[PDB]
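The chain is numbered in sequence order, starting from 1.
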Amino acid sequence: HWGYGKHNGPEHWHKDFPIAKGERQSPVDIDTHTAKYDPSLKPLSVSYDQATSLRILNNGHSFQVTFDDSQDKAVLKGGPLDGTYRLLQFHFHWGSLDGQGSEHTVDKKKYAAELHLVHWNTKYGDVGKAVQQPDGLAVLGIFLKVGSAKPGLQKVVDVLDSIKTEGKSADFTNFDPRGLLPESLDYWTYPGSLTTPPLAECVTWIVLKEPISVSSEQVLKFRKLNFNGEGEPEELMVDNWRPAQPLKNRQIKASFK
Ligand SMILES: CCCC(=O)Nc1nnc(S(N)(=O)=O)s1
Ligand SMILES: CCCC(=O)Nc1nnc(S(N)(=O)=O)s1
Ligand SMILES: [Zn+2]
């Protein structure tokens, strides 16, 4: 089964998910000098006031916080998007050290981690149907650098000891994802894919320019998670990021000058 190890990592994924060598794979390097400012791009609309978080889960490749997506409660609209996208879950990708961990890079710069808020287009009714559509998902990507703590992240970090190993989950209600957002909603956008299997080419990527700062203590708690299930040889959940993929016939657009 797929993972991030020597023998099952991103370089192996194409064997089970041949779309890994496709025409709109993610992540990519964002060359800031080649991204073109698009004045037609609308401001992003992030409406998270009524978000209902449900559970936090270790799925063996990341940890994710899941939300109630049975109603327009936490929605993403505007920006490059047509229509309304419901927040399904967020999760992170991080490194073994602070110089790696993000999936997207900015002028080849890797960040310590990358937060992905995954949303699906309500015109497709459910996420499984949306993953089959070229405009089915919108993932909001936010870079994490190490410095000052992010207070809005602390409730996440403090529960990770209860989901150390693959398959553990816990109630995680009343978490407000607005506490994970940077000040600016300036973004880059491009058509891409899921960055984990099945690597489906269904994502409008919206990557924020402004990183959030998290503390070394906060990221160290990410790195104490395990890829393995309980009772298995302990393999620390670190470096769960896919490297940048060929841009091919794609243009990255910037919402800002
Ligand atoms: C689509 C069903 C649930 C889901 O969210 N699957 C994802 N697979 N990769 C994602 S990423 N790293 O691009 O945000 S999300
Ligand atoms: C537009 C949604 C679907 C998509 O974009 N891509 C894929 N269709 N089959 C794939 S496999 N077996 O490689 O994972 S991927
Ligand atoms: Zn992700």
Colleague: Testing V46, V65, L117, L115 for side-chain contact (heavy atoms from CB on, under 4.5 Å) with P177, which one passes?
Modeller: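 Filter result, single survivor: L117.
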
Colleague: Does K73 come within less than 4.0 Å of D68, counting only side-chain N to carboxylate O?
Modeller: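 Salt bridge present between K73 and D68.
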
Colleague: With a 4.0 Å cut-off on N to O distance, would you call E230 and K164 a salt bridge?
Modeller: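 A salt bridge is absent here (no side-chain N lies under 4.0 Å from a carboxylate O).
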
Colleague: Could you tell me whether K253 sits above the aromatic face of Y37, with NZ or CZ closer than 6.0 angstrom to the six-membered ring centre and within 45 degrees of the axis?
Modeller: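 Negative - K253 is either too far from the ring of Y37 or too far off its axis.
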
Colleague: Looking at CG of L87 and CG of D72, how far apart are the two atoms once the value is rounded to the nearest 0.5 Å?
Modeller: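 Between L87 CG and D72 CG, I get 11.5 Å after rounding to 0.5 Å.
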
Colleague: Examine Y85 together with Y124 and report whether their ring centres are nearer than 6.0 Å.
Modeller: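 Distance test on ring centres: not under 6.0 Å, no.
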
Colleague: Can you confirm whether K145 is buried at NZ, in the sense that more than 12 heavy atoms of other residues, nucleotides or ligands lie under 6.0 Å from that atom?
Modeller: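 Counting other residues, nucleotides and ligands, NZ of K145 stays at 12 neighbours or fewer.
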
Colleague: When you check the gap from the basic side-chain N to the acidic O, do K109 and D107 get nearer than 4.0 Å?
Modeller: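 Salt bridge absent between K109 and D107.
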
Colleague: In plain terms, say whether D161 and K224 are close enough for a salt bridge, that is, a side-chain N and a carboxylate O under 4.0 Å apart.
Modeller: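 No, no charged N to carboxylate O under 4.0 Å.
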
Colleague: Is NZ or CZ of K209 both nearer than 6.0 Å to the six-membered ring centre of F143 and within 45° of the ring axis?
Modeller: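 Judged by the rule (NZ or CZ under 6.0 Å from the ring centre, within 45° of its axis), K209 is not positioned above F143.
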
Colleague: If only side-chain N and O atoms count, and only distance matters, is there a donor-acceptor pair under 3.5 Å linking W205 with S26?
Modeller: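 Present: a donor and an acceptor within the cut-off.
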
Colleague: Considering only NZ, NE, NH1 and NH2 on the basic side and carboxylate oxygens on the acidic side, decide whether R242 and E103 come within less than 4.0 Å.
Modeller: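 Not counted as a salt bridge, because no side-chain N and carboxylate O are separated by less than 4.0 Å.
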
